[PDB]
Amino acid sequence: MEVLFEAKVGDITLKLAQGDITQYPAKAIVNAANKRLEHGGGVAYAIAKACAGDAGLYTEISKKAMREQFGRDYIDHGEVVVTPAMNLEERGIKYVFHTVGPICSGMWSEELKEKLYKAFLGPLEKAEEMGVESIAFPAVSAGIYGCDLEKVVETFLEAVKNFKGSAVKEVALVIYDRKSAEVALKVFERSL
């Protein structure tokens, strides 16, 4: 795990790290999921298998948790489903916070931005609500949903800046690949 950036933002300490989010030292890690919590690919698959040993198993566990928490089999942007991290609990990761970002498919707009903003802010508020002091995020919607990475990072930063909390003390954005991590760093540098 390599920390590329660190500083005080909003009400917490923000870090930009390059590495595997399933190995990040945070009490809760956020999953960039689809509205049905079917973890079939990308970071959602990585987190799902890391937690249960079989992504399919975590998908079922997640669907059950979502029905229990929201009374339905899907979530809207901003809503967060909480599941036990299972096998990751040994690493200090107690929960996985599932959030759902919009599908840009190479486009951008105020509406798409708002949906993504909610996808980032929701997990922060859930952490605050649960007294979870540390949380790590992936670049939501920057995967197959095709939202421009720079726009995604800018929106994430906006959410962190606007976030009002006292329980949450540490927040991190975790990017797996070098090329993407550097793009993110560039945004952090000119925005903070």
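The term rigid core refers to the most C-alpha atoms you can superpose between the two forms while keeping them within 1.5 Å. From 1 onward, residues are counted along the sequence shown.
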Exercise. When the other structures are laid on this one by the rigid core, do the CA atoms of 6 to 14 or of 173 to 181 sit farther away in 4 other deposited structures of this protein?
Worked result: 6 to 14
Seminar exercise, completed: Higher avg CA temperature factor (11 to 19 vs 169 to 177, as deposited) belongs to 11 to 19
Exercise. Which is higher in the entry, the mean Cα B factor of 40 to 48 or that of 143 to 151?
Worked result: 143 to 151
For this session: Going by the CA temperature factor in the entry, name the top one among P123, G56, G131, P138.
Result: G131
For this session: Within this chain's modelled residues, let me know which third the CA B factor of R72 belongs to: lowest, middle or highest.
Result: middle
Seminar exercise, completed: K113: C-alpha B-factor third of its chain, per the entry, is the middle
Exercise. Thinking about Cα B factors across the chain, which third does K164 belong to?
Worked result: highest
For this session: Report the third (lowest, middle or highest) to which the CA temperature factor of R91 belongs, ranking only the modelled residues of the same chain.
Result: highest
Seminar exercise, completed: Of the three thirds of the chain ranked by Cα temperature factor, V80 occupies the lowest
